[PDB]
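Structure first, then comments.
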Amino acid sequence: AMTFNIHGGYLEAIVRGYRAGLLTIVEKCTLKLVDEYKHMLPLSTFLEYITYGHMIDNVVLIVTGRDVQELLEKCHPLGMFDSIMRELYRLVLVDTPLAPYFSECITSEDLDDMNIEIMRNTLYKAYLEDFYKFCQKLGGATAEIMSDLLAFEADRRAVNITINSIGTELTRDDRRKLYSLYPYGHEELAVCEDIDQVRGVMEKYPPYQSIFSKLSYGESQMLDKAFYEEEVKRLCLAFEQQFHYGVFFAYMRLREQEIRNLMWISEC
Amino acid sequence: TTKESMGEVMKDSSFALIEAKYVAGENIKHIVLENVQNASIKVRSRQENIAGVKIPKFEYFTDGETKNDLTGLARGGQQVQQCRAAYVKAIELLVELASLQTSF
Amino acid sequence: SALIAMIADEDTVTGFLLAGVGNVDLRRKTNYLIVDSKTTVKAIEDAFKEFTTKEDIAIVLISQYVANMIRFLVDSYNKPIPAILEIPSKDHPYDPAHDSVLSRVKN
């Protein structure tokens, strides 16, 4: 308990103040948040993992090429850092947590990362590796939030697979082999081929019960949006942010959600 | 009459695009161009005859034959239901324009 | 036959261009980047020469003819089948104003 006052107290106070102050306009807000995060530079590993979260997607996008030069336009330092096509993939395998594992898991390069569906599969595998790495750094209450996020991503991928991607070889086995209680009981979603079946599978977790509801919204989207939208709706739990705990990831997630809401506002 | 379809379906496609952007941020674009699940665009032509004029008939992907789909984006279902749904209206408008030009 | 705009608002065109195949009018050997606003439609007219005039692309579209060179593109009346233009809405209102085909339609 005394370690917080021993070190990291000032950074924690600054992060708490910045989060409390938070609430091309979307691009400007994202740039301001990224600058605030960068200026803040134990917690170093947490910041590295938080950045690597979006850096996995940034590297996946940069893996194209095929109009690859356009990736510089979205070079947001929050996720699109320069430090984080097999020949170039081997070079990019450094300075990232999920990259060494993806080097072997996605050794087929574009063959296993086709832009239609297999690129999404490689992105999901990288996200699973990053989630495993983040969960490895256990010791705080953020483990529950990380597990919830990974479960939401896995369940959304499984729902998308059962909806229409089953014809894209995303079968029941692929619901966990390629599509990133879920780390132990994800087998219940392998047969949830229907919206009613999805609700029944969600009934296995009473907290996840009634989250799907009519499933008209949230679950209607493919990729990782089905159960991820449930996490977005329940993010009010993340809004608690009890003191003397790692809240940098929570602040980053809140800033990202605010940026997304501002983008969704657009022209009213 | 069908000119208003080019506004209605365009508005629906714009709404679907905004929803997809709110869902997954920036689309993949580039290699696959993202933004859709349907519309493997390939056009087939036919020749009808009205009053001795060889009025052409047009069919294409998502508006006839030669259509294919694979996976899609997060809102790819919504994108197909709005952005790729404008394909039928566009094909009808093109057929009407060609018929009008030939008749003129 | 093929059909693509490649002179458009990017994602708006891509939403009906290439997801299951055909590479949006065979981008491997034809077509162009669907993002407009990089320059005038003079390059879009050249692409029409390289895509629509190449006996492959049948239907084309220019968003509201904002910079589509309405007078220049109005000449596409000759050989209308390979040059079936269009004026899509969204991010630019679809109007009967001067354009490629609607200008003649206004007569």
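As shown in the structure tokens, the chain order sets the letters A, B, ...; within each chain, residues go from 1, and ligands are also counted from 1 in the order they appear.
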
Residues within 6 Å of region 83-86 of chain B, only C-alpha atoms, excluding chain neighbours under 2 positions, as an mmCIF file with C-alpha atoms, in the first residue's frame:
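Generated output (selection31.cif):
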data_model
loop_
_atom_site.group_PDB
_atom_site.id
_atom_site.type_symbol
_atom_site.label_atom_id
_atom_site.label_comp_id
_atom_site.auth_asym_id
_atom_site.auth_seq_id
_atom_site.Cartn_x
_atom_site.Cartn_y
_atom_site.Cartn_z
ATOM 1 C CA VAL B 9 -30.321 4.994 -50.822
ATOM 2 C CA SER B 13 -25.611 4.248 -47.131
ATOM 3 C CA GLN B 79 -23.253 -1.676 -45.049
ATOM 4 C CA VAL B 80 -24.546 -4.273 -47.514
ATOM 5 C CA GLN B 81 -28.138 -3.481 -46.534
ATOM 6 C CA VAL B 88 -30.122 -2.070 -57.544
ATOM 7 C CA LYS B 89 -31.237 1.566 -57.731
ATOM 8 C CA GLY C 15 -19.423 0.237 -50.026
ATOM 9 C CA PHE C 16 -20.545 -1.117 -53.413
#

Please identify all residues of chain A having at least one atom at most 8 Å from any atom of chain B, considering only C-alpha atoms, and return them as a list in words.
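Residues satisfying the distance criterion: residues 61, 64, 65, 66, 67, 68, 115, 116, 117, 164, 165, 168, 220, 221, 222, 223, 224, 225, 260, 261, 263 and 264 of chain A.
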
Would you write out those residues with C-alpha atoms, as a PDB file, in the first residue's frame?
ATOM      1  CA  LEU A  61      -2.895  -2.050 -41.117  1.00  0.00           C
ATOM      2  CA  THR A  64      -0.611  -4.197 -46.268  1.00  0.00           C
ATOM      3  CA  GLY A  65       1.444  -3.659 -49.406  1.00  0.00           C
ATOM      4  CA  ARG A  66      -1.362  -1.819 -52.063  1.00  0.00           C
ATOM      5  CA  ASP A  67      -1.680   1.863 -51.100  1.00  0.00           C
ATOM      6  CA  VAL A  68       0.490   1.217 -48.044  1.00  0.00           C
ATOM      7  CA  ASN A 115      -7.699  -8.654 -46.487  1.00  0.00           C
ATOM      8  CA  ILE A 116     -11.170 -10.186 -46.917  1.00  0.00           C
ATOM      9  CA  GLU A 117     -11.362 -12.336 -43.777  1.00  0.00           C
ATOM     10  CA  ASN A 164     -22.221 -15.510 -41.431  1.00  0.00           C
ATOM     11  CA  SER A 165     -18.480 -16.262 -41.136  1.00  0.00           C
ATOM     12  CA  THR A 168     -15.802 -18.437 -44.290  1.00  0.00           C
ATOM     13  CA  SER A 220     -26.132  -7.248 -35.086  1.00  0.00           C
ATOM     14  CA  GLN A 221     -22.594  -6.222 -36.091  1.00  0.00           C
ATOM     15  CA  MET A 222     -19.894  -8.681 -37.164  1.00  0.00           C
ATOM     16  CA  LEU A 223     -16.119  -8.792 -36.415  1.00  0.00           C
ATOM     17  CA  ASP A 224     -15.614  -7.788 -32.744  1.00  0.00           C
ATOM     18  CA  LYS A 225     -18.679  -5.665 -31.989  1.00  0.00           C
ATOM     19  CA  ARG A 260     -15.414   7.665 -30.608  1.00  0.00           C
ATOM     20  CA  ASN A 261     -18.515   9.440 -29.293  1.00  0.00           C
ATOM     21  CA  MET A 263     -16.718  11.077 -34.094  1.00  0.00           C
ATOM     22  CA  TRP A 264     -20.185   9.501 -33.970  1.00  0.00           C
TER      23      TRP A 264
END

Quick one: DSSP strand (DSSP E or B) residues in region 53-86 of chain C, as a list in words?
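The strand (DSSP E or B) residues within region 53-86 of chain C come out as residues 57, 58, 59 and 84 of chain C.
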
Residues as selected, C-alpha atoms, written as a PDB file, in the first residue's frame, can you do that?
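Generated file (again-v5.pdb):
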ATOM      1  CA  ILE C  57     -16.450  -0.400 -67.512  1.00  0.00           C
ATOM      2  CA  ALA C  58     -20.112   0.154 -68.389  1.00  0.00           C
ATOM      3  CA  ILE C  59     -21.477   2.385 -65.609  1.00  0.00           C
ATOM      4  CA  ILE C  84     -23.431   5.449 -68.414  1.00  0.00           C
TER       5      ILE C  84
END

Once you count only C-alpha atoms, what closest atom pair and distance in Å to one decimal does each residue of chain C within 10 Å of chain A have, with rows by chain and rising residue number, as JSON lines?
{"residue": "C:18", "atom": "CA", "partner": "A:116", "partner_atom": "CA", "distance": 9.9}
{"residue": "C:19", "atom": "CA", "partner": "A:116", "partner_atom": "CA", "distance": 7.1}
{"residue": "C:20", "atom": "CA", "partner": "A:116", "partner_atom": "CA", "distance": 7.9}
{"residue": "C:21", "atom": "CA", "partner": "A:116", "partner_atom": "CA", "distance": 9.5}
{"residue": "C:33", "atom": "CA", "partner": "A:67", "partner_atom": "CA", "distance": 8.8}

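CA of residue 110 (chain A) is found 20.1 Å from CA of residue 35 (chain B).
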
Define the interface residues of chain C facing chain B as those within 9 Å, counting only C-alpha atoms, and report them as a ChimeraX atom specification.
/C:1-4,10-25,33-34,57-59,77,80-81,84-91,93-94,101,105
